[PDB]
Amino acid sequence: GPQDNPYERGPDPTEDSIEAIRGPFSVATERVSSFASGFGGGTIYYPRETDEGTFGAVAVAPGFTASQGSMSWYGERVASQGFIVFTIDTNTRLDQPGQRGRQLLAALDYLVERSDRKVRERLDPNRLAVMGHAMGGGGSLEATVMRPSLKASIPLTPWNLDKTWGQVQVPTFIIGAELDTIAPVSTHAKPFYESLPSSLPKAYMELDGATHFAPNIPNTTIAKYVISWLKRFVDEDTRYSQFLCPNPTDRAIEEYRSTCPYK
């Protein structure tokens, strides 16, 4: 309940509520011009109801050649669970993971400093996270090295030629696609996960039968655990621990690794 955690938002969760296309908050959007400094603009999805307090935020990057449209479904699916979600475009579609990491941070700074009052008043600027697909997922990793105060990081089918992440301090949930041929899990997702410190709160979820582009369309397995990870780490909301620990066993999951329990 709220008495034991000022960041709890929404009713106590169930598998129904974390699998739902929409959570308990209605959502509005603020579009941000590509002319914004430091990144290519995007769309901010935010909860409309203010009666429970302010919210943490997650910036969400797409992958190589891709635009915010490839990530749009995350916007309201996650924001409706009580988050500000900023699906960005990058400066160019050809940007690499390091560049994408810088841009994720620029998008977060935009939320804190430059966003429309409707967004700004709903934001707890102390509770920020990153997520991204493919090179954008490599960017999520990069952003956490650049800014260790981030609360959470969710690299989705991540791509990065840098395979070493032993300096990461941010709780990181990597989602792999078993059949990925662009960012194969053998050489991207799994080594990244294994390189993160074993004392870091972390998880690896591999999706059975999934291709590289699985994160770009609604996927209930991705959504429910993205929501749970953000709740646990952005909101410190231990009502969501039940879904993360012990390891999920959903049929769609090829394998799951974790450092449960998350103290």
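In this text, residue numbers run from 1 along the sequence as written.
As listed in the deposited structure, the average C-alpha B-factor of 113-121 and of 83-91 is greater for 113-121.
Averaged over Cα atoms, the B-factor as recorded in the entry is higher for 1-9 than for the other of 1-9 and 254-262. For the set 207, 61, 230, 32, the PDB entry assigns the largest Cα B-factor to 32.
When all modelled residues of the chain are sorted by CA temperature factor, residue 66 is found within the highest third. When all modelled residues of the chain are sorted by CA temperature factor, residue 169 is found within the lowest third. For residue 215, the recorded CA B-factor ranks within the lowest third of the chain. Only modelled residues enter the ranking. When all modelled residues of the chain are sorted by CA temperature factor, residue 225 is found within the lowest third. Annotation for residue 44: C-alpha temperature factor in the middle third relative to the rest of the modelled chain, per the entry.
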